[PDB]
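Protein chains in written order, with our numbering: chain A, 1 to 186; chain R, 1001 to 1186; chain P, 2001 to 2187; chain C, 3001 to 3185; chain H, 4001 to 4185; chain Y, 5001 to 5184; chain L, 6001 to 6182; chain S, 7001 to 7187; chain D, 8001 to 8190. Every residue, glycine too, gets a C-beta built ideally from N, C-alpha and C.
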Ligand SMILES: [N-]=[N+]=NCCC[C@H]1C(=O)N(Cc2cccc3ccccc23)C[C@@H]2N(C(=O)NCCCC(F)(F)F)CCC(=O)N21
Ligand SMILES: [N-]=[N+]=NCCC[C@H]1C(=O)N(Cc2cccc3ccccc23)C[C@@H]2N(C(=O)NCCCC(F)(F)F)CCC(=O)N21
Ligand SMILES: [N-]=[N+]=NCCC[C@H]1C(=O)N(Cc2cccc3ccccc23)C[C@@H]2N(C(=O)NCCCC(F)(F)F)CCC(=O)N21
Ligand SMILES: [N-]=[N+]=NCCC[C@H]1C(=O)N(Cc2cccc3ccccc23)C[C@@H]2N(C(=O)NCCCC(F)(F)F)CCC(=O)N21
Ligand SMILES: [N-]=[N+]=NCCC[C@H]1C(=O)N(Cc2cccc3ccccc23)C[C@@H]2N(C(=O)NCCCC(F)(F)F)CCC(=O)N21
Ligand SMILES: [N-]=[N+]=NCCC[C@H]1C(=O)N(Cc2cccc3ccccc23)C[C@@H]2N(C(=O)NCCCC(F)(F)F)CCC(=O)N21
Ligand SMILES: [N-]=[N+]=NCCC[C@H]1C(=O)N(Cc2cccc3ccccc23)C[C@@H]2N(C(=O)NCCCC(F)(F)F)CCC(=O)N21
Ligand SMILES: [N-]=[N+]=NCCC[C@H]1C(=O)N(Cc2cccc3ccccc23)C[C@@H]2N(C(=O)NCCCC(F)(F)F)CCC(=O)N21
Ligand SMILES: [N-]=[N+]=NCCC[C@H]1C(=O)N(Cc2cccc3ccccc23)C[C@@H]2N(C(=O)NCCCC(F)(F)F)CCC(=O)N21
């Protein structure tokens, strides 16, 4: 049950009013379509002011993740990315896809990078097509990470061969984020 | 949970429909086709001249449902722009190609896939024959229209759709399924 | 799932009903038939002169639910237009063929299918006989009305419905199931 | 529990000693392999004496049936066919396949003929291949039935379009069997 | 069915007075809602205390840290009040409240244990998962050490298995500052 | 379908306006959280006026029950308890937890007391911990019942060993309630 | 399964006259049995022909290759006789019989296609499985070319999808030598 | 149905055991290991000098069950030949490599596969650590023995077993898992 | 499918299933999870072998993940009761009650092959119902553990308190480690 805040907003709709979008679950097409539409709407409201993408996600669909990636790059406003809780797989990809100098993580947040997961069954030719497709998809993802992080493509491939868990501070020095957002007031 | 925007209160997809943006964001069944057909007809009645924008993030689905969307696009006066974000596969890519000439787009990292239609039949040989003839006719009809829409020959469409054929956004433009790859201008 | 329209706030399908368009967009069960019957009666009461438009994207379903729609169409004063978009199969195509003469339409890539009715029976020989005779009378009743609506003879309908018979929008017109293929004029 | 008779035999193996093979179930590969083995065994014991194929079966696999059919035709001994209870689909095809003048049914035995059953899922090209395969298989069945019964291929195709039940007498005059084996007073 | 007051649902009414309800197993949905609420209450009033009700058996560690980090990031003191139970990540969040303002009511139950997880597949994948959960445990223990005043190794021994504590025992442990006494009538 | 009464209220929210809280189901964390919130709301609405806790419950979670218990004792207003239908296990504990002199049952209401239920699976040391935990919980429940009823702990222990059903009148003489509320 | 009279079950009686029955889907259990039978028949008599009955929809590739290698290893000629059907690895094994001694009965069905498989998990795991089944296909197609006389590129085209053949069509393709007429 | 052979009525696998052939033709579990251990012990007692022949067509399975077989092979006096027919995967290929040196074979089209051991663990971080340390020790143990049996270095074994690694019979020979590919006589 | 072995005699052919042939030479196979069926069979086998010869050694083969404690104690007590020495040999694995029974073999005749795995841990159980029912089950399994630990201490030479710490969680041991622990006497080398 999502609480209401007083016009009357559900808490997530209230956050959208101050240009905060919530990527808070597994990335499927429904989540992507919603985050795309929110990005488009916020552009139309104001092309100058920053948008804030909250990321607490284990990842999910690559294609759905790319719907969000492209929409972030297409629109005029800077899209800040803030990892809170965890950003894994396509979650961590989108965290690195934020506007330069405005990608953050909170101190105890967990960033994880790995290679894409998929499947194929049937004839040897069908297996070959699926294998060729997912290998092209991985290289596409590794290319963009290399550009976004400033690590070489070969380093990205080695480090994503298996699940690679990084602390907030480790994700900064890797180049996935720009800053560990510390508690100033405390 | 779909967020709400206030600018009167709209759910996000209804706010997009106010600016003539329809969302084809899931598998194509009869329910999705009927919702889209109704949105198309409604937007015509509001304004028969202004452009409609059909967002496509879909893996295809039912062929007859897809054709309900196709025929309703062609019937109405407004240009329906097609925009592949995320992925457009099978009947999704067909409906991408059915967009108004000069206004079929795909974002850079969007995935396009074409293949032949999928079906099934069980029972007596006479029933298998009838179902086999039906799905072959259905493929000829799809290949006919894809040839007319892309500029490729029917024989090339049939070879290239014999098994799953993945295409980048740029490869989709070279093939004639889209007109432009919508680059990040800003 | 369903988008809202502000033109008072309507869900999209309700906005279409305001312009006398009814959506038969699913498998025909009793819930669907009751809704459509209630819509037909409402539109009559608003205006007995103006046309009603029955959008048909349906694979068929319950025969009796189909006849609930059929009888309510024939009972009311207004002409009810039928427009096949996507597909109209089994009782879907029967209802497509039940539209007011000269106002049964299909868009060019719509699919039409006709067959005999489907049913079942399990138990004693006497119960199987009763169920068999019932479904046979139902088929004759369906074929008699299809003959009258299309102009084809009862024996031609019985051969052409013996198995699944797929027809294009154009083939549906020349069979007599529709009157006109609604071609795109602006293109 | 199959009873034993006395050298001790289970009852079916006792029947096999007198050259009687029991086709008493759905025709799958295991049943076909056993009957094929039995036919080859009985040939080796005596290439001349008749073999008696009891048929109480609803049919089953077409390829498994043709394993039985071809093995019947290949071997030297005449293979009598006896429909008791029922012979349906490939069961009735095998009933018709017996040695000429030696295909029998008992008076209340049921004979049914229909077209083959199958299935296909996936791409339109895969569906096309399965359709063409099963249609060829039906033509193959109807051609052999035509030769065996004396009826035309076109009549067999009309009479097998839907389930078609026949009495013993009706199956005789159709040409599926030669005689109705009546009980003596 | 949640009751309404005049029109707020009861939980939304509590949120109007800066009370947030952590009353279920901690998953990502619950974490995102609480994070959103914490950020909203900061924006309304950056000075005034927030009150975090905890009746939770724990759940996801990463979801718990989403809540933990947001509490530490915002300016307002976040009071924590254990009512019913605070277990696992629940008790971690109870200890994470503003110093001097972590409470439990007299019959509330506080439980602490080590995190739970899983791994299946190759030895190398099991190794990676094992090193990951051990690092997560050390991170949890380091922060609990800081919050309670107890040593990291005392936390490790005391969380090796389920360790149930009364409200009073939790206070002397350093998980809470006070056992909340009844209001003055 | 819960009926509405007319400002429009669903029937339970209407009862909440007049300081009546419904504990009408199994006690889990959700029920407890709702009731806790209602008790805190009614305190803020008026610190003086009585609150009425309707109890028709088979019990449930002990920790969820203690969330309701502690919140009752915390707040300023007297909380009346009224058992209608049944109060079993933690249900009867909460019945007994009402303000002194204002714990009621209607004449055919069923009151049942028993010991807590739980479980454990795994290693002997895990079983021991789970066993020690549930025994301390029983000692905690029995100590508070002793105080609330006037019965000795050892009498509570014997009487809760197995399921012990009590009539409304029997509940009064035991000390779980103060009065059987007769027809007016 | 009936008995004949010492007492034999019918399949064991056929093994006494050097006949092996491949009458089911090819899994490891069927392959271990047939390999053991082949070895036993070699030891009894290294010169006399062995007769492999084939009524099989195919099955595991590796299990099929257990039977294939053992046929090629032993001294006796193994005749292959397709009765009912020989599909996929069943047809591969049919083509593997001694040269001039591969048969099918008139109405027997022979089918050839490419091997089936599957893979799930990481892209690197999918790549390995893809490369493995592609190698397995080249190996199967290579041997069929040698056994039939057809080119590797013709075998790859004809096995791209399910391809059904009559007994007569199997002869002129080179999968068998003779149609055994009654 | 396993066929019977008469000379004394043996089932076909028992007939093979008479001539000192043991069949490892399935997934390795405790039952299979116990049976193979017992056969090895029995064959030793019959004749401590003559070779034993271990047929391997197996996808592998339990590591401890596999080591039951490994140790019993090494314990007994007779040489235990190994012959891969069809496939030897994981612990299957380990046991293939464990045959008497100079007497480890594969037929030309036999698939040999080497990877790292598989396992799992659910529960507390401490319980996950114990299960992780156990399987890592087990992999080191397997890799050390493979090194001694093949002549390859431990670090090369480590890299080549990190993922599923399929080898042909010939590739298994040059890797050192087998000594000979048993080619057929011409034609 | 358990293979059968046929040996020629002067008066025909004698057929044994392989495990029954091992029993002829006083070898008993503990090759599975220890349930009551496994225990009863092993108990009966021990009793039979005693009656055949009260002086000759019996050989207990152990490849077992453990199982029922009471079933294990059926085997344990029967071993101790009979006169013949019962050698124990771990091949593959001996875990939990498996390793306990390994440790229970005749002093000096407990073995393991070099790559055999030996694991010790505390007993497993469960309880559901009333607090008092939980108490009884808890007290019962705790007494069972004390009983297991006390006998292991006598058999290994390790103190009760070290056994308790070493069995608190799953403790995997190599064959050599099991020797030095006192669970076995010798690693039987090739
Ligand atoms: N180079 N260049 N660029 C700018 C051309 C954008 C173009 C277009 O292609 N689309 C298609 C589209 C659909 C869905 C999601 C998308 C995400 C990323 C990009 C495109 C998307 C919609 C957009 N409109 C708009 O924003 N209207 C304002 C209303 C937005 C609302 F408030 F409804 F959200 C309507 C007017 C128009 O011409 N366009
Ligand atoms: N170009 N051209 N033309 C020819 C006019 C079309 C004609 C008709 O055939 N239909 C049937 C129909 C139903 C459903 C979906 C369809 C999709 C494609 C084609 C037809 C469809 C409805 C339409 N009306 C309308 O749009 N009224 C405006 C309201 C629209 C709303 F806002 F409700 F959506 C009512 C008046 C009328 O005569 N028609
Ligand atoms: N002989 N004769 N014939 C023509 C008068 C019809 C007659 C009748 O038989 N019914 C029964 C009926 C119920 C439900 C669905 C039906 C569908 C098809 C036919 C009948 C139906 C109701 C109708 N009314 C009405 O339409 N009122 C207008 C309001 C309609 C609304 F707007 F509510 F939908 C009330 C007054 C009345 O006498 N009748
Ligand atoms: N006409 N004619 N033809 C007989 C010559 C045929 C030839 C052959 O092709 N086969 C293969 C075969 C296998 C299985 C089932 C089959 C069914 C139909 C046809 C062939 C079959 C076996 C047969 N043998 C035999 O029958 N031996 C007698 C013993 C039989 C037993 F008693 F074991 F069953 C061994 C000697 C031999 O050269 N052949
Ligand atoms: N001290 N300090 N520092 C740093 C300034 C915070 C900064 C920011 O980093 N975010 C990202 C963010 C998103 C979601 C959850 C988060 C939880 C914890 C931290 C960050 C979070 C959003 C925030 N905004 C805001 O609060 N606007 C007021 C409305 C809040 C609402 F009412 F909607 F909740 C918009 C303006 C802005 O610059 N920021
Ligand atoms: N004011 N005061 N006082 C009395 C001081 C109590 C103190 C506190 O400890 N909490 C924590 C708390 C949370 C949830 C359930 C609890 C149940 C029992 C005890 C504590 C609870 C919240 C409370 N607030 C309040 O009641 N505000 C009134 C509105 C209540 C509403 F109507 F929203 F329910 C906010 C102001 C405040 O300092 N407190
Ligand atoms: N030419 N050539 N060939 C074969 C002699 C090779 C050699 C060998 O490599 N094996 C291993 C082996 C096991 C299982 C299946 C196999 C299949 C194909 C090849 C090998 C196989 C066993 C064989 N023996 C034998 O056949 N003894 C006869 C009895 C056979 C029985 F009747 F038991 F089956 C024991 C004596 C011996 O040195 N060998
Ligand atoms: N030097 N040295 N070393 C070691 C002496 C071996 C010793 C022993 O330790 N065992 C235990 C044992 C059980 C099960 C499987 C084992 C596998 C590998 C090693 C041991 C095994 C049994 C063996 N016996 C025997 O083989 N008898 C021959 C008949 C065997 C039969 F035919 F029954 F299988 C009985 C006489 C005897 O003293 N031993
Ligand atoms: N030391 N010690 N001694 C053995 C004398 C003990 C005594 C007894 O208490 N039992 C009960 C018993 C039952 C089952 C399992 C047991 C396991 C452990 C102890 C006892 C068991 C049976 C035994 N008998 C016997 O062994 N007869 C020999 C035949 C054995 C066979 F071959 F059948 F297995 C019959 C004669 C007799 O007085 N006894």
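Item, Value
"Would you be able to state if there are at least three C-beta pairs under 8 Å between the region 1168-1186 of chain R and the region 1100-1120 of chain R?", "yes"
"Have a look at residue 8130 (chain D) and residue 7122 (chain S) and give me their C-alpha separation to the nearest angstrom.", "28 Å"
"Should the region 7053-7063 of chain S be regarded as contacting the region 7088-7103 of chain S, the criterion being three or more beta carbon pairs within less than 8 Å?", "yes"
"How would you label residue 5003 (chain Y), buried or exposed, when you count the other beta carbons within 10 angstroms and need 16 or more for buried?", "exposed"
"Using the beta-carbon of each residue, which ones in chain D are nearer than 8 Å to residue 7111 (chain S)?", "Simply none; closest approach about 24 Å."
"Take residue 4067 (chain H) and list the residues in its own chain whose beta-carbon comes closer than 7 Å to its own, dropping the five residues that flank it on each side.", "4031, 4034, 4035, 4093"
"Thinking C-alpha only, which one of Y:5174, Y:5135, Y:5040 is nearest residue 5073 (chain Y)?", "Y:5040"
"Is the Cβ of residue 5143 (chain Y) closer than 8 Å to any Cβ of chain D?", "no"
"Here's the rule: buried if 16 or more other CB atoms are within 10 angstroms of the residue's CB, otherwise exposed. What is residue 6049 (chain L)?", "exposed"
"Please indicate yes or no: does the CB of residue 1020 (chain R) lie closer than 7 Å to some heavy atom of ligand 2?", "no"
"Should residue 5126 (chain Y) go down as buried or exposed, given a rule of 16 or more other Cβ atoms within 10 Å for buried?", "buried"
"Within the present structure, is the beta-carbon of residue 6036 (chain L) separated from the nearest heavy atom of ligand 7 by less than 7 Å?", "yes"
"Going by other Cβ atoms of all chains shown within 10 Å of its Cβ, with 16 needed for buried, is residue 2134 (chain P) buried or exposed?", "exposed"
"Checking contacts by CB at 8 Å: is residue 7067 (chain S) closer than that to chain D?", "yes"
"Would residue 7079 (chain S) pass as a contact of residue 7115 (chain S) if the rule is Cβ separation under 8 Å?", "no"
"Count the CB pairs spanning the region 5005-5020 of chain Y and the region 4002-4022 of chain H that are closer than 8 Å, and state whether there are at least three.", "yes"
"Counting only beta-carbon separations shorter than 8 Å, does residue 1170 (chain R) have a partner in chain P?", "no"
"Nearest by alpha-carbon distance to residue 3053 (chain C): which of C:3083, C:3045, C:3176, C:3177 is it?", "C:3083"
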